[PDB]
Amino acid sequence: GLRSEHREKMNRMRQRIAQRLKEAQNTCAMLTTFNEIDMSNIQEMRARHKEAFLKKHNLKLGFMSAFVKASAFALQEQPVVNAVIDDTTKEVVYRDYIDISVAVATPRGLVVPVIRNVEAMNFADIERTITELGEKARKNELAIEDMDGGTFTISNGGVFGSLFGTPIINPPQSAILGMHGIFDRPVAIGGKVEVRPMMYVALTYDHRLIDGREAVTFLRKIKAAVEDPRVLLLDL
Amino acid sequence: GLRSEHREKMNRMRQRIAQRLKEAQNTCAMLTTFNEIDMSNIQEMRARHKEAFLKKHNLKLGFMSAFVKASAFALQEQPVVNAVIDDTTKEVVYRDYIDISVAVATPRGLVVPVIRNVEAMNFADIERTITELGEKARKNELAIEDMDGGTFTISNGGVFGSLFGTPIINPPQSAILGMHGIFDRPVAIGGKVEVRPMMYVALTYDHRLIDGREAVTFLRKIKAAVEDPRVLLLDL
Amino acid sequence: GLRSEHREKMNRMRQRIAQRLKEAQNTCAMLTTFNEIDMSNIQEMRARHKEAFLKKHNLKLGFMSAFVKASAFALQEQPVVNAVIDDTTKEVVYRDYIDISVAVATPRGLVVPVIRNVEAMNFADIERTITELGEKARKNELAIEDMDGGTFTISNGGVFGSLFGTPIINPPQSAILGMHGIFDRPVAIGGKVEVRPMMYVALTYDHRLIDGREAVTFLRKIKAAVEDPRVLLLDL
Amino acid sequence: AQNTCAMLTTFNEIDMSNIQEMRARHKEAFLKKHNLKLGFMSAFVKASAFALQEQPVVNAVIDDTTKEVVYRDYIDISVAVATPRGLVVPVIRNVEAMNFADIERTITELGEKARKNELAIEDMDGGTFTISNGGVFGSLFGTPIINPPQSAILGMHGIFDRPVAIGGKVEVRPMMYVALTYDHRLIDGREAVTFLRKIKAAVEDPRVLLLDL
């Protein structure tokens, strides 16, 4: 059309992503599985214990530290999705620990800082860490070591209202979860219909490392540990 | 089984696609996000203003020129998905114009002709252009320059009845929309259930260029500009 | 975190998958389309003719041999998705026969054995073959030639409860179906809502070989031949 | 104006319900984006360009020096804003090349300019069509006057919930009587009833304005 196309040069760190992205693909064997989560039982947990959580911890109670804790429940029972594949040597690298890498969206784009050692953390020391890092994201002081590492990753593309979608691994990892909106959608509970707030939830995964058994089941733990968070105490 | 496998040679233009396809992948960083659209408010727009549109313009009123116009509303407010990445030089190519490339299915397969300069077009000069090109598709006179170019692309794989799916970029572009059927599906409007004609809608996108913020939001404009086309006048 | 990461070496056949996987990708042009199937009319077929099928054939009646037979109905009417692309020579290899490759999950992982010549088989000689191979899977005697070959493939990732997902081709093939759970979900039949057991169903496909017309339609035959299996006699 | 024109007047009624909800839903979104107040008036400015481009007579005038029509490809609508010192009528030039929010950018730019008496002459000079909102004050209907040089003037007359028949049954709807004075030298009643039915359909269903119907 109108020859009015203005261009701008790629500075390195903006194109450098594109390079270290296309070694996620062309390295991994990315696939994607989905399920849906009825978030009703955990919204009431944020309707009842919100103030008590505030007047005690002075922290904001979110529906996100569940997906971080449930993703440690499951990620400790299926250590593959905690693991990775080394490329230099062809050898898996299992891990006893988990240092989840959470994504927080920002004006300048997106950062992914880490919550290290979630296995030795409760469901409120997480929210202590997120708020410690959301603040650290707004002012651009977020260091490298805080973003360095990771064994698993969670992306909340639901604050913006996506229904579902295909996340991308931000390596070195072997999977990434993805939360996709809370929309009151009709549901069948007991052969009868009803409306429930519900989230589609996505798990990209490297199929070199992860059979679909190891990933459907992983994502059903995350699905049960969030419809009934009481599971997390049972160590089920 | 039965050694009865007959083969046929690939003539160049039939395999040439396969070559210029696999530089979409291996160049792009294709991902895919989805939402759903309640098309009820625009079907009545085709129940009421159908004849009036006919006795005036002698054109058939479709639910497609909305997705072309809404995809110019949004595509002018998020110029990234209008842009591309040059490969020769690593440099974005933004564009003030839009020359959408629509896909029309044919006996010999599929063609993708262009609607140039949609920003300077109304919601009926589009349908003048489509019908001008659907006719031009049936008789194989569709020139190259009519297909050449493109900054954005729409695929209607809903005439054939797909529920949803993953489109492919037909480069040089940076995204492609995809319309996936109108199925009366149950819906929650106000904590109560009901049936509405609804479409899943897909946006593949190059993640080198497009953060998920820039693509969820893009696809929510297309989602609001089609549940309530009045938005398009507001320039919202 | 804790430098407690223990590793293990990749023996060849466990990493060899990763190599012969990444020539599925980087060869194919994998895409994915979805639909949903109301399985109610075929569960009653397993509520009524279950015992009669047992006291006659001493075989267990499943909802799977439909997807094998329906995938021969359609796979004989759209021979492309039966075909492949040769890489040595650039030439399609069409096939009059079909030797479907079914996936059965196992303790040691997953195997994919073949049901050869399904076109010349009924809806009970299939189940004779599956049970002949499920038994053969538990004891690790499953030979190579039994797994060798294939023109089409079915994966049941629904026994484990996936909602939907993206399968992978296990080449040499050109597509793979995928069955994703039976969840009673609300449905609109006649402008009114109701609950029905329903399955999302996925068809990955090589887009070098398969236009989306050739794959949506393929998957609507499988969708009609399973909501009303009577279609399979009509040769429709 | 009189003694030159041949002023007549036709009326219809408009069910404004479908555009009030447009101001119940997209009000905040219009605000947090444009920081402009969404009114039910820029519709009558845009609808009066839809129609005024399809019936160029009511865009035209009659020259008096020479007896010759003056058609116009453009439209520079003259809006009336009421003031303490009386009434002014400033112009919105070139509405055909404007959207439904650059109008409201212009009105608010001029309402502010009206309160402080800096409103220049050229801003009021000209005009091919004119809209008067005598509904802020609550008139039911009435006969506007042309403020020449023009050939017509619209007039909006209040929003009163009045009973209405939709489908052989009665109901209440917010509704506006709408008036079009017009010079009958230039405008047959065909050219003015129909003009005012476009304005009537482009405001009960603003989606018409995209169709270019």
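How big is the dipole moment of the protein assembly as shown about its Cα centre under a simple scheme where the beta carbon of each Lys and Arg is +1, that of each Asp and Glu is -1, and everything else is neutral? Debye, nearest 20, please. Show your work: numbers first, answer last.
Details: 120 positive and 117 negative charges, 292 e Å.
Its charge dipole is roughly 1400 debye.
What percentages make up the Cα-Cα pair-distance distribution of the stretch C:10-143 when the bins are 5 Å wide from 0?
Taking all Cα pairs of the stretch C:10-143, the binned fractions are 2, 8, 13, 16, 19, 18, 13, 6, 4, 1, 0 percent.
Considering chain C as a Gaussian network with a 10 Å cut-off on Cα pairs, which listed residue, C:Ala188, C:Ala24, C:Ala143, attains the greatest mean-square fluctuation?
Comparing C:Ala188, C:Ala24, C:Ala143 in a Gaussian network model of chain C, the most mobile one is C:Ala188.
Mean residue ellipticity at 222 nm from the helices of chain A, using -39,500 (n - 2.57) per DSSP H segment of n ≥ 4 over the full residue count, to the nearest 500 deg cm²/dmol? Mind dumping the intermediate values first?
Numbers: 9 runs with 76 residues, N = 236.
My calculation for chain A gives -9000 deg cm²/dmol from helical runs alone.
How much net charge surrounds A:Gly165 when only the other residues with a Cβ under 15 Å from the Cβ of A:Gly165 are counted, with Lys and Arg +1 and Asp and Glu -1?
Working: positive: B:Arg213, B:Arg220, B:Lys223; negative: A:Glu36, B:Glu36, B:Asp206, B:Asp211, B:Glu214.
Result for the local shell: -2.
Taking the Cβ of A:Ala215 as the center, what net charge do the other residues with Cβ under 14 Å away carry, scoring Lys and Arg +1 and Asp and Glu -1? Walk me through the numbers on the way to the answer.
Values: positive: A:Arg208, A:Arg213, A:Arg220, A:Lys221, A:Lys223; negative: A:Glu77, A:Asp206, A:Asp211, A:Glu214.
Around A:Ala215, the charge tally is +1.
Grab the Cα-Cα distance for A:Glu77 and A:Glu141, subtract it from 0.36 nm times how many residues apart they are, and report the gain in nm with one decimal. Spell out each step's value before the answer.
Values: separation 64, 0.36 × 64 = 23.04 nm, distance 3.52 nm.
Roughly 19.5 nm would be gained on extension.
Determine the distance separating the Cα centre of the stretch C:201-218 from the Cα centre of the stretch C:40-88; give it in Å without decimals.
Each part reduced to its Cα centre gives a spacing of 19 Å.
What do you get for the angle between helix A:12-21 and the principal long axis of chain A? Use alpha-carbon atoms, 0 to 90 degrees, nearest ten.
Around 60 degrees separate the two axes.
Where nothing but the Cβ of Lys and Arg (+1) and of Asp and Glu (-1) is charged, how large is the charge dipole of chain B around its Cα centre, in debye to the nearest 20?
On the way: 32 positive and 30 negative charges, 174 e Å.
Charge dipole of chain B: 840 debye, to the nearest 20.
In this model, which of A:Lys22/B:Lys90; B:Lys55/D:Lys198; B:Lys22/B:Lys223; D:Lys37/D:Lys113 are farther than 22 Å apart at the alpha-carbon?
On the way: A:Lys22/B:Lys90 15 Å; B:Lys55/D:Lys198 15 Å; B:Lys22/B:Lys223 30 Å; D:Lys37/D:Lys113 16 Å.
Over 22 Å Cα-Cα: B:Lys22/B:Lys223.
Going by alpha carbons, how many degrees (0 to 90, nearest 10) lie between the helix axis of A:213-227 and the longest principal axis of chain A?
Once rounded, one gets 50 degrees.
Taking a ≥ b ≥ c as the square roots of the Cα gyration tensor eigenvalues, with a/c under 1.5 meaning rounded and otherwise prolate when a/b beats b/c, else oblate, which class fits chain B? List each step's numbers first, then the result.
Working: a/c = 1.39, a/b = 1.30, b/c = 1.08.
It comes out rounded by the Cα gyration axes.
Where nothing but the Cβ of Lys and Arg (+1) and of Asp and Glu (-1) is charged, how large is the charge dipole of the stretch C:57-166 around its Cα centre, in debye to the nearest 20?
Details: 10 positive and 15 negative charges, 102 e Å.
Computed charge dipole of the stretch C:57-166: roughly 500 debye.
What net charge is computed for the residues neighbouring B:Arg20, neighbours being all others with C-beta under 15 Å from the C-beta of B:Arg20, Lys and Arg scored +1, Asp and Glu -1?
On the way: positive: B:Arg12, B:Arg14, B:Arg16, B:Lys22, C:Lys90, C:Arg208; negative: B:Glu23, B:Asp87, B:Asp148.
So the surrounding residues net to +3.
Going by alpha carbons, how many degrees (0 to 90, nearest 10) lie between the helix axis of C:65-77 and the longest principal axis of chain C?
Helix C:65-77 and the main axis of chain C meet at about 80 degrees.
For the charge dipole of chain C, defined by +1 on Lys and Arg C-beta atoms and -1 on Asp and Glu C-beta atoms about the Cα centroid, which residue among C:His6, C:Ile126, C:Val195 has the Cα displaced farthest towards the positive pole?
Among C:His6, C:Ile126, C:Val195, the one farthest towards the positive end of the dipole of chain C is C:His6.
Most fluctuating residue of A:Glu135, A:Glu119, A:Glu214 in a GNM of chain A with Cα springs under 10 Å: which is it?
Of the options given, A:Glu135 has the highest mean-square fluctuation.
In nm, give the distance between the simple-model label positions of D:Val193 and C:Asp125, each being 7 Å from the Cα along the Cα-to-Cβ direction.
Taking the simple label geometry, D:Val193 and C:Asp125 are separated by 7.8 nm.
Report the chymotrypsin sites (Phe, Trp or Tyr not before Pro) located in the stretch D:82-155 that are in a DSSP loop and have at most 16 other Cβ atoms inside 10 Å of their Cβ, or state none.
Values: sites: D:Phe100, D:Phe129, D:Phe137, D:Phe141; in loops: D:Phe100, D:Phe129, D:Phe137, D:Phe141.
Those that pass, being in a loop and sparsely packed, are D:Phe137.
Please work out the Cα center distance from the stretch D:4-20 to the stretch D:120-183, rounded to the nearest Å.
One Cα centre to the other: 5 Å.
Looking only at A:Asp206, A:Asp86, A:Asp184, which one moves most when chain A is put into a Gaussian network model with springs between Cα atoms under 10 Å?
A:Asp86
Restricting to DSSP loop positions (anything but H, G, I, E, B) with no more than 13 other Cβ atoms inside 10 Å of their own Cβ, which trypsin sites (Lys or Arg not before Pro) remain in the stretch C:117-200? Numbers along the way, then the final one.
On the way: sites: C:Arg128, C:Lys136, C:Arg138, C:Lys139, C:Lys192; in loops: C:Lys139, C:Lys192.
When the trypsin sites (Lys or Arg not before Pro) of the stretch C:117-200 are filtered for loop state and at most 13 Cβ neighbours within 10 Å, C:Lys139, C:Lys192 remain.
Quick note: the coordinates plus some simple rules give every number you see, no bench work behind them. Don't worry about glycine lacking a Cβ; one is built from the backbone with ideal geometry, like all the others, and counts go over all protein chains shown.
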